[PDB]
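[1] Following this: a sequence and the matching experimental structure.
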Number of protein chains: 2
Amino acid sequence: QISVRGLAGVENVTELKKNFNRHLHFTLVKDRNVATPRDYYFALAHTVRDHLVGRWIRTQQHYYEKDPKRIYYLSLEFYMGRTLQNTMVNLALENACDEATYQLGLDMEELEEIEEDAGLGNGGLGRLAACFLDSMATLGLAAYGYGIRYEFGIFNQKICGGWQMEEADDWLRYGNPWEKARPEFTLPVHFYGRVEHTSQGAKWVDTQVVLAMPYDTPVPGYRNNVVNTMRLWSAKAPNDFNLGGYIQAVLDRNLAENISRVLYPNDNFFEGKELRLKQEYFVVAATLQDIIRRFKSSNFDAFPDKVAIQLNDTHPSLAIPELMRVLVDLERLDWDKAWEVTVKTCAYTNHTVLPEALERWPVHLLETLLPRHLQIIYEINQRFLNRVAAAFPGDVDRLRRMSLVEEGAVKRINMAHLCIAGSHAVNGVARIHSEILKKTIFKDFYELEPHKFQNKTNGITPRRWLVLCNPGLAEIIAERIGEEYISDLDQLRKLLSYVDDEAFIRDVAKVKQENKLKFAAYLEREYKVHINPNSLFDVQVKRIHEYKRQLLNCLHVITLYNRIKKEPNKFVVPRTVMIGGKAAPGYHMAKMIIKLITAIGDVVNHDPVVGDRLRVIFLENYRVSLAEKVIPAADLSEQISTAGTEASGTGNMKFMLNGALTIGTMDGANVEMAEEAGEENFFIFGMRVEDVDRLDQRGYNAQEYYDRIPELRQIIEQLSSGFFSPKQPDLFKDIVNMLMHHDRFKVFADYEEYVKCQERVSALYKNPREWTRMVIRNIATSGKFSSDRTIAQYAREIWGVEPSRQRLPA
Amino acid sequence: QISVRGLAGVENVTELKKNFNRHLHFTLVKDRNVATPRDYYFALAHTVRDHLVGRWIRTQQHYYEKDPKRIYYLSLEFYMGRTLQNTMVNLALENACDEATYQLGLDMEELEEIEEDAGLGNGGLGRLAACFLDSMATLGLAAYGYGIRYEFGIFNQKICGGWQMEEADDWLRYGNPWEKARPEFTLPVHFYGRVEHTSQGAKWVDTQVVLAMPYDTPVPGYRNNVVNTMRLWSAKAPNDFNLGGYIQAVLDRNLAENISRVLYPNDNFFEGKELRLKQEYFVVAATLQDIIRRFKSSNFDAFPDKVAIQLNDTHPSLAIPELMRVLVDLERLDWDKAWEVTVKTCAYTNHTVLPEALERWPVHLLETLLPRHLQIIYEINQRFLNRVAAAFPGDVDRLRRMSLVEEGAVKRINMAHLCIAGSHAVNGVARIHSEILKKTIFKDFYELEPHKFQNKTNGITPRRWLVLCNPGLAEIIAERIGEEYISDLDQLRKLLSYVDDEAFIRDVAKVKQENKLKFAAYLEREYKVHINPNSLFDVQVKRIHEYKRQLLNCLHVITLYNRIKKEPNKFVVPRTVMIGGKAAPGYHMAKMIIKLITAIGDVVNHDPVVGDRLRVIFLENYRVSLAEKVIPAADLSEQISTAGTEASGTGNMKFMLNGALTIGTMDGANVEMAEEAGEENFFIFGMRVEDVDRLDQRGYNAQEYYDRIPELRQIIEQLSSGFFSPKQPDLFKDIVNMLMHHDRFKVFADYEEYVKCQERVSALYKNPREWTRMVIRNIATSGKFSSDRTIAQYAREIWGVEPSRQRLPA
Ligand SMILES: O=C(/C=C/c1ccc(-c2ccccc2)cc1)N[C@@H]1O[C@H](CO)[C@@H](O)[C@H](O)[C@H]1O
Ligand SMILES: O=C(/C=C/c1ccc(-c2ccccc2)cc1)N[C@@H]1O[C@H](CO)[C@@H](O)[C@H](O)[C@H]1O
């Protein structure tokens, strides 16, 4: 049908058809009288997977022969979503499979909806890891992603009575056709025990053993025949473990296997729980044995020429002392040589500045669980502080500020300090964030070792986030400029020379309109909710946090409703305001915010005076597959974190590539997006970081804003008095109380400017031609935000390897 | 190579070769530079499995069209062993696969050794269920086996320092290529809760839900293209289950899933544990919903014309009140109609007379776990006792003896009484056992309803237990009489006309000798133990229990050793005495017996005066795959249970078919085996049941035997004084104490007769020609003990269906 979806050759279609039927018969053990749509999904997935395996085997054989430097990307999260369509896109099989399935009497899009998301992440950090694997394969890098195969990923969110309920994401129930278990590469991981000192060094003894069993998933590059590996570890008990007496010993195997059972869902709070520490060590210990095994199967001097380890946040920070443990205790290298190798091998990426998100593990936990690692960490700390003392003699406060060990009620290890000390490179994830790291939280470290600190601005993969989710847009672009932009996104700049082309203008606008009609239909079908597709689609989707300021959005919504009720017969640009995202199960304020959003909906959506001029919908169970549907349909992207709090953002980039305009603060990557597009083509408002700092020095007093802005006061009274919760008038007192007396994120301070900026958005939307021309200018300048650019910078400036765009042979 | 292994056609071999390579590449994702023998095993298994699926689908389609009466065989145990070779045998593929693998440079026998046993049973009862599925498929019956998919089967036994150690049988670690998960047929099972009475009957409410997920395994008939199904249920938690708070609720899913985690290993003790009761209900509740679903998908009057349920012991006895619950509570049939349907549908097989093996569940357990079932059981009991009262008025002791409810300290339900009341047929498993049921333990029930009581003498499948494990023997037989005996074992009688044929005599003896050389080699390779293959192979393999009298065997062994030490230069027929079997983890005396056997070995095997005239070996980890190796190699089968204690035995039959002579008591099926072969061709000794009864009336006094038999006294002194345990002289005091003062199984009373009978065995073994002629007479009369005869009798006399030997089309 559409050109970017590839060829539908007679030979190809015929062969796909017979392989589909083979799998249905031999693999699924069904015939067509009993097969359900789920059976048909699986037959398709196995058919497509078969096309991967030859390339997968020859890619890994290629790396064995050429022995390139290998990149190991360590992450506790890989937020992959669905795999079927992505695989078809990257292998150029989408149209052939569409034809083959059509001829079998089946609708491929319907089969695609059956696949479960691989929801092995919380949000931004997890999805970045996924985008990165796609780009590393596409750029021909010999890269491996290593993590944990959680039996249960991020919980499925149900809304009951306006409240979030969590249920288990049993994503493996029907089986996962993409993974291959590799029980033959199982490895032991040690916990607890104690340290003995001998003449021939330290020995870690009397440990409990848990086994790490790997499962490999293929990661295909875009049409280059490269297929890389994501290896996820699963926890297994040894067979003499514990060995009711007998029955109970068998049942207690669960204790060990609980390590890989569930993803921690609390993504900007740190909870120092033992089970999470076990997960962190488990991934690190198994991965490093795997790395070393592969290195020996080609003298540790050359280890950093053959190995790069990238730490995604501090979550795998124990790689540093584990590498030291292996090198010193097992391989018998002297300390200084081992340290040199470790530093040259490891690099650390930081993803936040909020102090409550930093990992600080209690010493008593490490002491019991990982006694040898604690000793190594103390030794690292001592030698590190000796260097600080020599560089800044007499500066005793610097010594206590830079220490890896934090003193206090409970002593803790600062894992961020450990990562800086033991890495040759440290990067933030957007320019403003990387500057903040150097100026504030890691200032002392930057003065000691300025050469370590870098920026690598985040990106997204244009395969999933344009070709896959928005084929209509990818096609009209391809018509004008060809297909090469899909792996070289900077070529979208050529679209500037069509900003005055009346045909293109009409087509960009038509694609958006079709995407919106499609999504409005999805809403009615799967959620019995009825929206006006001529309204402006105003969308804020991301995890629920106070710093992301969903509450500021809420205040605007209520202002609109109040203005309509005041002058009901005045014209306003109609809006559908959509907000979605998950709240961490323990985060009370985030749960109250969800309830507020649904409560506003209850009032606004049933007020006959409003009509269909304003609708407020809470988008349930936001996740990767829902993002792929809502983002192509959006007109306005809400990116409104308090300046200095969102390290980068990546949702922002998705919306820009897909033809929405952005209203946002000068925070994270928003700054670079506005710089690329031009500030005239962005709806920027609010305090900059400098303004927030000045307000903090003075003291933030929310009462001042309440006293001087009558529209704001009216909303606060409505919240307080039970306007949005008639049967429980005090339901939202916690929210009011927070806003009035302890708002760390200064919601009121940006209110006026935000409401004014929103009026300008509405004004532009009334002129469809100029809206669409501004959109073209955004899409055209979105090229910098491809993850291929990001990974190319990691490769050259951190890992010391050259990317390659050349096909491997098929 | 050998004819019974089928054709090796050029077309077949070529096609197997390419399918093997396909699976290695696409299924296992390997190439031949990295493949291990385990990879090659899996490629073979998938290749053979492909040949099943077409027949499996068309068999089940055939049953849908013809709608025959369906047989449901309910068992908590299915002791299947390995599947690969059995599948090849039954499909006539063994020689083709042997050729195909040879041409690929691989040894098929070596690949066969990689497969794990499916050890989902303890011993006799579990293996009977397995033999039965094979025979039901071979006889064209529309039969389904239903049980539990235990994650851990019977423990692997290691011997450390002469002691049994148990380790977990993690049989699914590498995956099971034979099963197909069917998550789409998942069913809810209810526990706990309470009963509400309404106007419209009782309702069971506030229950906890566990999900039952089925896994289907194919059961192929012998060369008839029938493939039946064994459906095993796996326990899964629902996704709102419980829903740390969040983390802990996810981890607590283990509680529900523990139902299918592990097989109870205690096979002639009853332990009233809650987890076992959950297993019993779980299998019954899921199975019955499945049965009813299938019945509706063609008025419950016709239910018993379309459904037979066979209860393998009392373990699935809750089928009776569950069927009543469904019919009365959910389908709204009146009680009397429901009861009629239930009785006509269910039949019960009893497997023992030992009182400590009978299931008697505490009322308080049923009360909490299954409150509605308890009510139904009380109601059944009340109506049943009203019938007893009417038939035997005034007989008040009969009323208390026959009651399903046992009074006492704790009230219990007698599940055997429940099964008799609710079944139209009750059978024992050998003639003597079935007579004992009528005369003693179920006398009262037989007087009330004599028509219910039947005999069905056990059997074994000649596919696994001759063709598969002893191809050499199957071939020399086939040469003389053709192949038809494999599915009509009575044809072995034709071998009587070769008892004087000198060629046949030499061939029978040569096959035994080759089997023995092969096993002696297996011993050295896998266990560093060196035996003389010219000795008589004296074998006792079965679970370790006092009633099976491994101790009597021990006493004989020590007598032989003592006679040699007394007259060392006298000639004796050399022996290798092999004893093997698992002890239940809690059964202290059984564990002491294993230690005694190894201790005797320690002394006997290293005494230079004995030389290689006597060896005592404990066969470690006895299980189905080990039986297949040792049984073909045996000369003498030890079947020496105290008369009246072994209900049937089936090991006995295996040895008879494979060319060993039997020394045994007149117990279980030994009686019928001697009757078939002729008592002159059997080494019978010891008390009969009548003699045991007379001794009990008088009072068994072991001291009398010790006082009158000097050779026995010497052994007891040796045990007592530390002869077999020098460093711990009192190690075996418990054993001596038991033998002298509370031996329920009268070991001393059969000692003299046993030792004398053993001398006659030795005398015959000195004349190789006459030994072999007696063997021929055993093999020739083993036909009655085919499980095809057994199942044909169940089919006609219990289930009301005709067996069929006709091929389905391929
Ligand atoms: O998603 C995250 C952080 C997730 C996270 C997840 C888990 C944990 C955690 C740590 C310890 C124990 C339990 C949970 C801590 C943090 N950060 C986002 O990373 C994106 C990619 O760089 C940025 O675009 C966002 O600005 C940043 O907030
Ligand atoms: O194997 C068994 C009994 C096994 C068994 C297994 C499990 C349990 C059990 C029951 C409740 C709770 C836990 C365990 C009770 C008994 N019996 C043998 O059955 C054979 C087949 O009929 C006969 O040949 C043997 O004579 C008989 O002992």
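    Okay, I see it. Residues are numbered from 1 along each chain as shown, chains lettered A, B, ... in the order given. Ligands and ions are numbered 1, 2, ... in the order given.

[2] now whichever residue of the stretch 451-600 of chain A sits closest to chain B, nearest residue through space, not along the chain?
    Going by CB to the nearest CB, chain B is nearest to residue A:585 of the stretch 451-600 of chain A, at 3.9 Å. Any C-beta I mention is one placed from the backbone N, CA and C, and that applies to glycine too. Closest residue to residue A:585 apart from its sequence neighbours, by CB to CB, 6 or more residues apart in numbering or on different chains: residue B:246 at 3.9 Å.

[3] Tell me the bridge partners for residue A:349.
    residue A:312, residue A:427 (DSSP bridges).

[4] That one contacts residue A:314, doesn't it?
    No - assessed by CB atoms under 8 Å, residue A:349 is found out of contact with residue A:314, at 9.6 Å.

[5] Please, which helix or strand holds residue A:215?
    strand A:208-220 (DSSP states H and E).

[6] doesn't residue A:621 make contact with residue A:527?
    No - using CB under 8 Å, residue A:527 makes no contact with residue A:621, being 10.1 Å away.

[7] can you pull the buried residues of stretch A:172-190?
    A:174, A:176, A:177, A:178, A:179, A:180, A:181, A:186, A:187, A:189, A:190 (16 or more other CB atoms under 10 Å in any protein chain shown).

[8] ditto for stretch A:229-248
    A:229-239, A:241-243, A:246-247.

[9] Residue A:3 - how many residues pack around it?
    Using other CB atoms under 10 Å in any protein chain shown, residue A:3 has 13 other residues around it.

[10] what do you get for residue A:117?
    Neighbour tally, residue A:117, other CB under 10 Å: 20.

[11] Give the phi and psi angles for it, as a check.
    phi -60, psi 140 (degrees, to the nearest 10).

[12] Touching, residue A:376 and residue A:323? I think so.
    No - taking CB under 8 Å as the definition, residue A:376 is not a contact partner of residue A:323, at 9.8 Å.

[13] Show me which of the two is the more surrounded one.
    Applying other CB under 10 Å to residue A:376 and residue A:323 shows that residue A:323 carries more neighbours, namely 26 against 22.

[14] which residue sits closest to that one in space, ignoring its chain neighbours?
    Nearest one to residue A:323, counting by CB to CB, 6+ apart, is residue A:342 at 4.9 Å.

[15] Contacts only, for the one you found.
    A:320, A:323, A:324, A:327, A:422 (CB atoms under 8 Å, 6 or more residues apart in numbering or on different chains).

[16] what's the most distant pair in those?
    A:327 and A:422 (12.4 Å; CB to CB).

[17] Could I get the full set of helices for the stretch 551-700 of chain A?
    A:588-604, A:624-633, A:651-657, A:670-677, A:689-698 (DSSP state H, counting those that start in this stretch).

[18] Next secondary structure element downstream of the longest helix along chain A?
    With secondary structure taken from DSSP state H, chain A has its longest helix at helix A:37-66. Elements were assigned by DSSP H and E; along the chain past helix A:37-66, the next helix or strand is strand A:70-74.

[19] could you say what helices and strands that next one packs with?
    helix A:124-138, strand A:143-148, helix A:274-296, strand A:307-312 (3 or more CB pairs under 8 Å, 6 or more residues apart in numbering or on different chains; DSSP states H and E).

[20] So is that strand next to ligand 1?
    No - applying CB under 6 Å from any ligand atom, one finds strand A:70-74 separated from ligand 1 by no less than 13.4 Å.

[21] what's the next secondary structure element after that strand?
    strand A:78-81.

[22] For that following strand, buried residues please.
    So, applying 16+ other CB under 10 Å, buried residues of strand A:78-81: A:78, A:79, A:80, A:81.

[23] Repeat that for stretch A:497-508.
    Buried, per 16+ other CB under 10 Å, within stretch A:497-508: A:498, A:504, A:505, A:507, A:508.

[24] Also stretch A:95-110?
    Buried-residue list, stretch A:95-110, by 16+ other CB under 10 Å: A:95, A:96, A:97, A:98, A:99, A:100, A:101, A:104, A:106, A:108.

[25] Out of those residues, which sit inside helices?
    A:95, A:96, A:97, A:98, A:99, A:100, A:101, A:108.

[26] Just name the most buried of the helices of the stretch 551-700 of chain A.
    helix A:651-657 (a mean of 27; mean count of other CB atoms under 10 Å in any protein chain shown).

[27] ok now it, how far from the chain's centre?
    A distance of 13 Å separates the centroid of the chain from that of helix A:651-657, by CA atoms, centre = their mean, to the nearest Å.

[28] Check stretch A:641-657 too.
    Distance, centroid of stretch A:641-657 to centroid of chain: 12 Å (CA atoms, centre = their mean).

[29] pull the CA atoms of it into PDB?
    Below are the C-alpha coordinates for stretch A:641-657, written out as PDB (Å, rounded to 0.1, in the frame of the first residue of the first chain):
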ATOM      1  CA  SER A 641       8.200  20.900  34.600                       C
ATOM      2  CA  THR A 642       9.600  23.600  36.900                       C
ATOM      3  CA  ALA A 643      12.800  24.900  35.300                       C
ATOM      4  CA  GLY A 644      15.900  22.900  36.500                       C
ATOM      5  CA  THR A 645      14.000  19.700  37.400                       C
ATOM      6  CA  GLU A 646      13.500  17.600  34.200                       C
ATOM      7  CA  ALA A 647      17.000  16.400  33.200                       C
ATOM      8  CA  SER A 648      16.000  16.000  29.600                       C
ATOM      9  CA  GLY A 649      12.700  14.600  28.800                       C
ATOM     10  CA  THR A 650      12.200  12.300  25.700                       C
ATOM     11  CA  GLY A 651       8.400  12.500  25.400                       C
ATOM     12  CA  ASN A 652       9.000  16.100  24.200                       C
ATOM     13  CA  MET A 653      11.000  14.800  21.200                       C
ATOM     14  CA  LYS A 654       8.400  12.200  20.300                       C
ATOM     15  CA  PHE A 655       5.700  14.900  20.000                       C
ATOM     16  CA  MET A 656       7.900  17.200  17.900                       C
ATOM     17  CA  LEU A 657       8.700  14.500  15.300                       C
END
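
[30] Just give me the neighbour total for residue A:440.
    Residue A:440: 12 neighbours (other CB under 10 Å).

[31] give the contact list for the closest residue to it other than its chain neighbours.
    Leaving aside its chain neighbours, residue A:440 sits nearest to residue A:353 (7.5 Å; criterion: CB to CB, 6+ apart). Residue A:353 sits next to A:433, A:436, A:437, A:440, A:441, A:644, A:645, A:647 when contact means CB under 8 Å, 6+ apart.

[32] ok, now how distant is the last one from ligand 1?
    Using CB to the nearest ligand atom, to the nearest Å, residue A:647 is found at 4 Å from ligand 1.

[33] quick one: the spatially closest residue to that residue that is not a sequence neighbour from residue A:649, how far?
    Excluding the flanking residues, the one nearest residue A:647 by CB to CB, 6+ apart is residue A:433, at 4.4 Å. Separation of residue A:433 from residue A:649 (CB to CB, to the nearest Å) stands at 10 Å.

[34] intersection of neighbour lists for those two?
    In contact with both residue A:433 and residue A:649: residue A:668, using CB under 8 Å, 6+ apart.

[35] Find the closest residue to ligand 2 in the stretch 101-250 of chain A.
    Relative to ligand 2, the nearest point of the stretch 101-250 of chain A is residue A:247 (10.3 Å; CB to the nearest ligand atom).
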